[PDB]
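**Student:** This structure is in structure tokens; I'll ask about it shortly.
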Amino acid sequence: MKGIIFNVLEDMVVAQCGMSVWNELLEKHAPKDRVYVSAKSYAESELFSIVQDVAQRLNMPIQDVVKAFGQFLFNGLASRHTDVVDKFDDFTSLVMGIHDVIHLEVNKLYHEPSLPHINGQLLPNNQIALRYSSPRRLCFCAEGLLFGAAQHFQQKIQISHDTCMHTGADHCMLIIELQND
Ligand code: HEM
């Protein structure tokens, strides 16, 4: 009933340094309200400030922290939306269903028509072309999410990101190759 994203995160930090670290940097970087709502979208920037700081104390690079954060975010989320996710029965069905159902249901349940831009297209040889674009330029997170869902189903995959809005590009290009080993 309070910030779904922050809820799954609190579980991650608690596993790294404990709840004291989460409450410490949270109270320092928290606003006047001092509350994280999942239905709202305000004070959402605090997540970024928390990801870079938590990385400092945890002694980790922000690029790795944001990634790991995603992998786990998917795990916890699935447990809350197992109904929506389970509609894929397999990593292949989800990647292409991301924007589609997964982001269409959360919109009605929370937030409002303004979710990142994701276009999954199926290719041959068991490959999937996933396009990503959004000012948040938090693509680094999208990668982690893809790996989190893959592992959850003992499914190994590889992602090639040559196009990144972070490199002046207007969008991004993430190709997820599926292993048939
Ligand atoms: C691997 C699968 C997924 C991908 C690649 C994906 C990707 C993204 C990305 C990267 C964001 C973070 C904002 C940003 O783009 O910078 C986003 C936002 C969001 N996604 Fe997903 N998503 C996935 C699965 C899901 C699932 C399963 C749900 C439902 C539980 C979901 C719920 C959300 C929510 C709630 C937001 C909005 C965050 C906000 O604006 O406060 N997504 N998604």
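In the structure tokens, each chain is lettered A, B, ... as it comes, each chain's residues begin at 1, and ligands are numbered from 1 in order of appearance.
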Within 6 Å of ligand 1, which residues show up when you count only C-alpha atoms and all ligand atoms? List them as a ChimeraX atom specification, please.
**Tutor:** /A:41,77-78,81,85,98,102-103,106,115-116,136-139,141-142,145-146
**Student:** Keeping N, CA, C and O atoms for every residue in the selection just given, could you write it to a file as a compact mmCIF listing (two decimals), in the first residue's frame?
**Tutor:**
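Output below, filename out-v5.txt:
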```
# COMPACT_ATOMS: atom_id res chain seq x y z
N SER A 41 3.27 9.22 -8.22
CA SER A 41 4.46 9.25 -9.06
C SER A 41 5.40 10.36 -8.61
O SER A 41 6.46 10.57 -9.20
N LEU A 77 8.22 -8.29 -7.84
CA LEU A 77 7.03 -7.86 -8.57
C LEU A 77 6.20 -9.07 -9.00
O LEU A 77 5.01 -9.15 -8.71
N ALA A 78 6.84 -10.00 -9.69
CA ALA A 78 6.15 -11.20 -10.15
C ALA A 78 5.30 -11.80 -9.04
O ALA A 78 4.20 -12.28 -9.28
N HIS A 81 2.30 -9.64 -8.97
CA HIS A 81 1.51 -9.68 -10.21
C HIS A 81 1.68 -11.03 -10.91
O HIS A 81 1.56 -11.13 -12.13
N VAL A 85 2.06 -11.79 -15.01
CA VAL A 85 3.28 -12.39 -15.52
C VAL A 85 3.05 -13.80 -16.03
O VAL A 85 3.42 -14.13 -17.15
N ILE A 98 5.53 -7.46 -23.01
CA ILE A 98 5.87 -6.40 -22.06
C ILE A 98 4.90 -5.22 -22.19
O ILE A 98 3.88 -5.18 -21.51
N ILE A 102 1.46 -6.52 -19.78
CA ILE A 102 2.16 -6.22 -18.53
C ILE A 102 2.11 -4.73 -18.17
O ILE A 102 1.91 -4.39 -17.00
N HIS A 103 2.31 -3.85 -19.14
CA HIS A 103 2.29 -2.41 -18.84
C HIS A 103 0.90 -1.81 -19.02
O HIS A 103 0.66 -0.67 -18.62
N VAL A 106 -0.89 -2.64 -15.31
CA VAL A 106 -0.38 -1.81 -14.22
C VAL A 106 -0.92 -0.39 -14.34
O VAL A 106 -1.14 0.28 -13.33
N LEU A 115 3.79 5.20 -19.30
CA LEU A 115 4.85 4.23 -19.04
C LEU A 115 5.91 4.27 -20.16
O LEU A 115 5.58 4.54 -21.32
N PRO A 116 7.17 4.01 -19.84
CA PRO A 116 8.27 4.02 -20.85
C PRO A 116 7.83 3.42 -22.19
O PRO A 116 6.80 2.75 -22.28
N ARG A 136 13.91 9.05 -18.92
CA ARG A 136 14.46 8.43 -17.72
C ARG A 136 15.83 7.82 -18.00
O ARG A 136 16.61 7.57 -17.08
N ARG A 137 16.12 7.58 -19.28
CA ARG A 137 17.40 7.00 -19.69
C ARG A 137 17.87 5.94 -18.68
O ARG A 137 19.07 5.67 -18.57
N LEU A 138 16.92 5.36 -17.95
CA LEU A 138 17.24 4.34 -16.96
C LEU A 138 17.25 2.95 -17.61
O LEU A 138 16.92 1.96 -16.97
N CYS A 139 17.62 2.91 -18.88
CA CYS A 139 17.66 1.64 -19.61
C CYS A 139 18.42 0.59 -18.82
O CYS A 139 18.04 -0.58 -18.80
N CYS A 141 18.29 -0.25 -16.07
CA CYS A 141 17.35 -1.00 -15.24
C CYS A 141 16.61 -2.05 -16.06
O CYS A 141 16.41 -3.17 -15.61
N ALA A 142 16.21 -1.66 -17.27
CA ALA A 142 15.48 -2.57 -18.15
C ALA A 142 16.27 -3.85 -18.38
O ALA A 142 15.69 -4.94 -18.43
N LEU A 145 15.99 -6.16 -15.36
CA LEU A 145 14.66 -6.76 -15.31
C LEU A 145 14.58 -7.99 -16.21
O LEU A 145 14.04 -9.02 -15.82
N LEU A 146 15.12 -7.87 -17.42
CA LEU A 146 15.09 -8.97 -18.37
C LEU A 146 15.83 -10.19 -17.82
O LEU A 146 15.39 -11.33 -18.01
```
**Student:** May I have the residues within 12 Å of residue 169 in chain A as an MDAnalysis selection string, using only C-alpha atoms and disregarding those fewer than 3 positions away in the same chain?
**Tutor:** chainID A and resid 132:135 137 162:166 172:173
**Student:** Go through A:7, A:114, A:23, A:82 one by one, measure the shortest atom-to-atom distance of each to residue 38 in chain A using only C-alpha atoms, and give the residue with the smallest value.
**Tutor:**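 Among A:7, A:114, A:23, A:82, it is A:7 that comes nearest to residue 38 in chain A.
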**Student:** So how far away is CA of residue 2 in chain A from CA of residue 51 in chain A, in Å?
**Tutor:**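 Interatomic distance, CA of residue 51 in chain A to CA of residue 2 in chain A: 18.3 Å.
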**Student:** Among range 21-177 of chain A, which ones does DSSP assign to strand (DSSP E or B) (computed from the backbone)? Answer as a count of residues only.
**Tutor:** 26
**Student:** Quick check, in Å to one decimal: how far apart do CA of residue 90 in chain A and CA of residue 153 in chain A lie?
**Tutor:**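 Distance between the two atoms: 7.8 Å.
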